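*Asks:*
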Amino acid sequence: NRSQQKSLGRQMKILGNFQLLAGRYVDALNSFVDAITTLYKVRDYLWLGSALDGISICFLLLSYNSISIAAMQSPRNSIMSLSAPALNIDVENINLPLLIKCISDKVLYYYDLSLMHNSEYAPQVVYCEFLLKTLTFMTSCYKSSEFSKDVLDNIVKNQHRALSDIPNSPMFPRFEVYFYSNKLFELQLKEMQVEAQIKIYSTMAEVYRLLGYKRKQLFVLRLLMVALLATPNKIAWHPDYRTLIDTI
Amino acid sequence: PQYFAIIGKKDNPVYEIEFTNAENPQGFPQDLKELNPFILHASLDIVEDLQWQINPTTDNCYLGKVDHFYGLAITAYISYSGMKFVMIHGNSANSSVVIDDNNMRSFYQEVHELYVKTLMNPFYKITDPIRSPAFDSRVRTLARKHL
Amino acid sequence: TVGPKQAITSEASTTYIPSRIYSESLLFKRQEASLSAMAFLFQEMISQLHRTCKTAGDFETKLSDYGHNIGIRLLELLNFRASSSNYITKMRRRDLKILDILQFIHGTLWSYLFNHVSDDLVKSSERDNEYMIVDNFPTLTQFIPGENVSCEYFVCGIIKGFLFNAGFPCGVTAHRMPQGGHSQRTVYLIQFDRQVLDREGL
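Those sequence lines, one after another, are chains A, B and C.
Numbering (UniProt numbering) for the first sequence: 265 to 328, 378 to 561.
Numbering (UniProt numbering) for the second sequence: 2 to 58, 84 to 173.
Numbering (UniProt numbering) for the third sequence: 25 to 108, 163 to 280.
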């Protein structure tokens, strides 16, 4: 079918752009390899990776849920990483949303408020992707849910979101809105591997500390304590627990 | 089930109650021991943040549903001395305080009248709990007749 | 045995209507007295606080505590009966700006304790963080002779505990400026702290 060849290209394109997106290290400084999927450009590894991810996200949005949301998140991450380098990819990166504003709706030109709209639309596309089977790959065909991989998207959404609130009297994002946009995950949280559950409560404590909410911190460290106590395996002493009990 | 508490100035409690329906008599099953004071003390802070906001997130005494967590909404009232009348509502489905929002504003005003009536005793200091047998009947007849 | 701090009592709703034990009332019922019967009790404050005090300053700041324990009662009463139990009472504006509670104290606290509204409310123009409140006749200290103003402070503790329980940590100090034919004019300066001062800026 045409949808079969489009599904083959949807499988091909995002992974074909993702390794070139992962071909950046310290902004690609003097790493001249054998020039087979390693270009070693001076200041255009982000630009070539952004063009690859732009073509891949355009082809996946033409092939329009899970891989579509991952493609839109890949285009958002490529635009954010290209803007993170102080380069000339501003008008090209803002006009690079030709299929991202067709499937998503960015409609902005500010300092990552366009990426805030694209991230909210990416979480909406992953929420649309939740209305499917719980795991669509081969090794993920009898996995937990989509509830173990929506959560990794929105916790790095919060990690990228709250840094816009630097304390001073200008507030880029009102102080209540990421407090609202972190309480959306009241997923059951019952079963997964534990070292995700230490990290989510630790960075949720750190985002509450940098916002300045000194009792929601006590709530999430109490959730960290309850999750640490009831684990069935055995753990060892580490001096992280020393300062954790000291701050609580 | 319903949880109601009067939180003082230093966050020390002065009145602490739950009241619940007779269908589930042992109310709040494995939350009353271990989450129900933590969500109260954690979500004092957004009530404290809303005490200096002119318009919310021209009365500034009643406050709406200020937090919603596992489908439990809390409602708040900041009195003139600063004793805050925060109360957690629990149900089976998604509970609505909007069906009682016109109603239980006259439950917060009719418990604030009882707090003013127990403030005027000169033997009653601040930062000590209400050890009053009259206060329990005066709050639970109000909870029974007006919910 | 209703709220112990050992536990939260779990009790089911819709029980019986119990007996009625003590019922009070809260409206004003404007009942008068004689100023001699006030001034006798004010001099019997001072005739014991002169006795159990060693220096001047601790006499100042424990004559102030009696006013503190009238101010923290009166703040909850006066707004609640000015916004008007079973009378379907509403709410006021729960004021939260420093020259919106000074207008309330200036026009309502002094019209409650005393018959008249206090006359003037003066900002300190040449600096910031001093706010004068004056009258022309302190009617409680008016039977004290001399000039030393320690016996003033029972009224100024009424001011301070009004604001300390209102979320506005301040400190009052009374002085005497005999302006004109009002020989007892008796300014109080309310002097807010530094840590409040940023908050009304933001």
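Note that the Cβ used here is the ideal one computed from N, Cα and C, for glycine as well.
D46/B versus chain A: which residues are under 8 Å apart at the beta carbon?
*Replies:* In chain order: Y526, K527, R528 and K529.
*Asks:* Beta carbon of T301/A, beta carbon of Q283/A: below 8 Å?
*Replies:* Against a cut-off of 8 Å, the Cβ pair of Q283/A and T301/A comes out as a contact.
*Asks:* Which chain B residues sit within Cβ distance under 8 Å of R171/C?
*Replies:* Simply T84, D85 and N86.
*Asks:* Any Cβ of chain A within less than 8 Å of the Cβ of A43/B?
*Replies:* True, the Cβ-Cβ gap to chain A drops below 8 Å.
*Asks:* Per the DSSP calculation, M109/B is bridged to which residue(s)?
*Replies:* In the DSSP output, where bridge partners are listed per residue, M109/B has none listed.
*Asks:* In whole angstroms, what separates the C-alpha of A252/C from that of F246/C?
*Replies:* Those two C-alpha atoms are separated by around 19 Å.
*Asks:* Below 8 Å, can you find three or more Cβ-Cβ pairs linking the segment 174 to 188 of chain C to the segment 94 to 113 of chain B?
*Replies:* No, because fewer than three Cβ pairs between the segment 174 to 188 of chain C and the segment 94 to 113 of chain B fall closer than 8 Å, the two stretches do not touch.
*Asks:* Using a C-beta to C-beta distance shorter than 8 Å, which residues of chain A count as neighbours of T58/B?
*Replies:* In chain order: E489.
*Asks:* Would you report the Cα separation of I402/A and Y424/A, rounded to the nearest angstrom?
*Replies:* When rounded, the distance between both Cα atoms is 13 Å.
*Asks:* Any beta-carbon of chain A closer than 8 Å to the one on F95/B?
*Replies:* Yes, contact with chain A.
*Asks:* In three-state terms, what does DSSP make of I392/A?
*Replies:* It is helical.
*Asks:* Rounded to a whole number of angstroms, what is the C-alpha to C-alpha distance between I114/B and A540/A?
*Replies:* Cα-Cα distance, rounded: 24 Å.
*Asks:* What ranges does the beta strand (DSSP E) occupy inside the segment 47 to 107 of chain C, keeping only unbroken runs of at least 3 residues that lie completely in it?
*Replies:* List check, beta strand (DSSP E) in window: nothing returned.
*Asks:* Could you work out which residues of chain A lie near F39/B, taking near to mean beta carbons separated by less than 8 Å?
*Replies:* The answer, in chain order, is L531, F532 and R535.
*Asks:* Going by other Cβ atoms of all chains shown within 10 Å of its Cβ, with 16 needed for buried, is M130/B buried or exposed?
*Replies:* So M130/B ends up on the buried side.
*Asks:* As an exercise, report each continuous alpha helix (DSSP H) stretch of at least 4 residues that is fully enclosed by the segment 176 to 236 of chain C, in chain order.
*Replies:* Whole alpha helix (DSSP H) segments, 4+ residues: 176 to 182 and 188 to 191.
*Asks:* Determine the direct distance from the alpha carbon of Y231/C to that of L497/A, and round the result to whole angstroms.
*Replies:* Cα-Cα distance, rounded: 54 Å.
*Asks:* Counting C-beta neighbours from all protein chains within 10 Å, is the total for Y16/B 16 or more, i.e. buried, or is it exposed?
*Replies:* Result: buried.
*Asks:* So which residues of chain C does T167/B contact, with C-beta pairs closer than 7 Å?
*Replies:* Residues of chain C passing the Cβ test: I41.
*Asks:* Using a Cβ-Cβ distance under 8 Å, would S261/C count as near chain B?
*Replies:* Chain B, which has no Cβ nearer than 8 Å to the Cβ of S261/C, makes this no.
*Asks:* Near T560/A, which residues of its chain fall below 8 Å by C-beta distance, leaving aside the five closest residues on each side in sequence?
*Replies:* Around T560/A: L534.
*Asks:* DSSP on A315/A, reduced to helix/strand/coil?
*Replies:* Residue state, collapsed to three classes: helix.
*Asks:* Does the Cβ of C87/B have 16 or more other Cβ atoms within 10 Å, making it buried, or fewer, making it exposed?
*Replies:* Counting Cβ neighbours within 10 Å, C87/B comes out buried, since at least 16 surround it.
*Asks:* Does the structure place the segment 147 to 154 of chain B close enough to the segment 57 to 66 of chain C that three or more beta carbon pairs sit under 8 Å?
*Replies:* They do not touch, by the three-pair rule.
*Asks:* Please state whether DSSP places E489/A in a helix, a strand or coil.
*Replies:* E489/A: coil per DSSP, three-state reduction.
*Asks:* In terms of residue numbering, what span does the beta strand (DSSP E) encompassing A435/A cover?
*Replies:* No beta strand (DSSP E) contains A435/A, which is instead part of the alpha helix (DSSP H) from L426 to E442.
*Asks:* Going by C-alpha distance, which of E35/C, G81/C and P28/C is nearest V227/C?
*Replies:* The residue with the shortest Cα to Cα distance from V227/C is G81/C.
*Asks:* List, in chain order, every chain B residue whose beta-carbon is nearer than 7 Å to that of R97/C.
*Replies:* Result: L145 and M146.
*Asks:* Name, in chain order, the residues that DSSP records as bridge partners for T251/C.
*Replies:* According to DSSP, which records beta bridges pairwise, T251/C is partnered with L267/C.
*Asks:* Determine the DSSP secondary structure at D162/B, reduced to helix, strand or coil.
*Replies:* Helix.
*Asks:* Look at the alpha carbon of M393/A and the alpha carbon of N294/A, and state the distance between them as a whole number of angstroms.
*Replies:* If you take the alpha carbons of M393/A and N294/A, they lie about 23 Å apart.
*Asks:* Given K10/B, which residues of its chain have a CB within under 8 Å of its CB, disregarding the five upstream and five downstream residues?
*Replies:* So the list reads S107, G108, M109, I152 and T153, once near-sequence residues are dropped.
*Asks:* When you compare only the Cα positions, how much space is there between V123/B and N117/B?
*Replies:* Approximately 11 Å, taken between the alpha carbons.
*Asks:* Using the Cβ count rule (16 or more neighbours within 10 Å means buried), how would you classify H92/C?
*Replies:* Answer is buried; the Cβ neighbour count reaches 16.
*Asks:* Does DSSP put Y141/B in a helix, a strand or coil?
*Replies:* Helix.
*Asks:* If the cut-off is 8 Å on Cβ atoms, which residues from the segment 496 to 519 of chain A count as contacting chain B, listed in chain order?
*Replies:* Those residues of the segment 496 to 519 of chain A that come within reach of chain B (Cβ to Cβ, closer than 8 Å) are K496 and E499.
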